């Protein structure tokens, strides 16, 4: 989850989110360099009493400032698109889980074997247990096996929602009539939080997602106990 005064991304929980971190570092270096260069040149143009006000020929310099930006764009697009096609590669999941958005909560279905489903609602602030996080805890977490490739299928039974877990690099819109797929793989056990990411009415701010990543054997006993 986010922590106070955080400046950048949540630490990566998945290999794809680690890739996104390194790609963002690359792109942010470029963004800082170009912003700084423009600020510097502004200051340079503004700090001399020397003048030259006659017509200036543009053709030569316009080669520089089209070719160099084109090269920079290619140096962004190449790693960008590599990650895009990695995220899309075939992976062979071990488990399929569905989530359906609703006003204002999420339901989850694990129907590979048995008829397992439940609703997941935010814990009201007045009912938080000591040390629990305001607006982020839920009553029934999405328990999942760690270190395993999971297919998540996302839909909605009313308006648009969007199912997001920042530290896994996940955000998939929840659209009625549509079954959107994403893949989830956590490198670590733990609790990973997200929040509804499409405006969905009165309690859009108050329908969070909490994944609970544990070893397979604990996931199997939890699943059985939830029937």
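Residue numbers count along the first chain shown, from 1.
**Student:** Can you let me know which of the two, 173-181 or 57-65, has the higher average C-alpha B-factor in the entry?
**Tutor:** It is 57-65.
**Student:** In the PDB record, does 156-164 or 185-193 carry the higher mean Cα temperature factor?
**Tutor:** Averaged over C-alpha atoms, the B-factors run higher in 185-193.
**Student:** Taking the values exactly as deposited, rank residue 14 by C-alpha B-factor within its chain and report the matching third: lowest, middle or highest.
**Tutor:** According to the entry, residue 14 has a C-alpha B-factor in the chain's highest third.
**Student:** Residue 106's Cα B-factor: lowest, middle or highest third of the chain?
**Tutor:** Bottom third by C-alpha B-factor.
**Student:** What third of the chain does residue 224 rank in for C-alpha temperature factor, lowest, middle or highest?
**Tutor:** Middle third - that is where residue 224 ends up once the chain's C-alpha B-factors are sorted.
**Student:** Which third of the chain does residue 5 land in by C-alpha B-factor: lowest, middle or highest?
**Tutor:** Highest third - that is where residue 5 ends up once the chain's C-alpha B-factors are sorted.
**Student:** Once the chain's modelled residues are ordered by C-alpha B factor and cut into thirds, is residue 73 in the lowest, middle or highest one?
**Tutor:** CA B-factor rank for residue 73: middle third.
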